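What follows is one chain in structure tokens, specifically the form deposited without the DNA.
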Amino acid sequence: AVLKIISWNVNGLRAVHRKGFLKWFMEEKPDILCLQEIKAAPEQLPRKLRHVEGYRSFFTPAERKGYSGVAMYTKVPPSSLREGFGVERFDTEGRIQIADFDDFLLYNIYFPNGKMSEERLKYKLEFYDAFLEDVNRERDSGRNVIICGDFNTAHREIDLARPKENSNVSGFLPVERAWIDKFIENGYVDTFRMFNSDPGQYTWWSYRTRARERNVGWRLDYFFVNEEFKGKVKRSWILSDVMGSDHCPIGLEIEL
């Protein structure tokens, strides 16, 4: 059977809701929909957002109000839903949904970002580590994994408009690029680069300069599967026409 999964850093759900998010949701009709940066507290959401017809909905808010948060809409509910890696300082910021769909585990992650300081960076990298360890334990037990969401890092030079002036800014630091190397070398696949080899493919553009209309952007949103499972991924694309956020959605399509 074909399964369509979408992943989107919505940059505040309320905000994307005001730009026809429901219209588009109903149009595309994916089997699972992963969301990052809900920003709003779930018990505050317009009811039509929390109660979408045909979809059970899962919300994982941060402690801070107005901040972070992840969400998942799925036609068929999972066996269970985890909201953490098991290390405290990472699990309390509503960044983690690990949902068990029997055939695979679905990681909906909103990774942090290492900007403004070194501690911020340290936390991002330690987060990366805690995630890698978590996904490996699950994979080593013979489970198949799908990781999607905002990784906050463009992998290679081919993954952003301006690499040269950015390699000392967080998002493209060699350290951050080095991790994605490690991550892959542990047995995981950037699904999109399985089918697309072109440059100029982005998932985020700065609102601040109308960067999208020029396509001066970054690829920060990824779908990852474990190598043993790549045979079953049919499509992996970027829905770059879909407006409403500073990120656009990206999609995965799998078999059985």
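When you see a residue number, it is the position in the sequence shown, counting from 1.
One more form of this protein, deposited with the DNA bound, exists but is not displayed; see below.
S.K.: Which one, 23-31, 192-200, 209-217, 226-234, holds residues whose non-hydrogen atoms are within 4.5 Å of the DNA in the deposited bound form?
M.R.: Answer to the contact question: 209-217.
S.K.: I need to confirm a contact call. Of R89, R156, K182, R162, which residue comes within 4.5 Å of the DNA in the deposited bound form, counting heavy atoms only?
M.R.: Among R89, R156, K182, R162, a heavy atom within 4.5 Å of the DNA in the deposited bound form occurs only for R162.
S.K.: To verify the annotation, which of these, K75, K122, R137, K115, has a non-hydrogen atom within 4.5 Å of the DNA in the deposited bound form?
M.R.: Looking at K75, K122, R137, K115 one by one, just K115 meets the 4.5 Å heavy-atom criterion.
S.K.: For this chain shown on its own, do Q97, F127 and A130 all sit within 4.5 Å of the DNA in the deposited bound form, going by heavy atoms?
M.R.: Checked in the deposited bound form: no contact with the DNA for any of the three.
S.K.: May I ask you to check whether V169 falls inside a 4.5 Å heavy atom distance of the DNA in the deposited bound form?
M.R.: Taking the distances in the deposited bound form, the answer for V169 is yes, it comes within 4.5 Å of the DNA.
S.K.: May I ask you to check whether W204 falls inside a 4.5 Å heavy atom distance of the DNA in the deposited bound form?
M.R.: Close contact exists here: in the deposited bound form, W204 approaches the DNA to within 4.5 Å, heavy atoms only.
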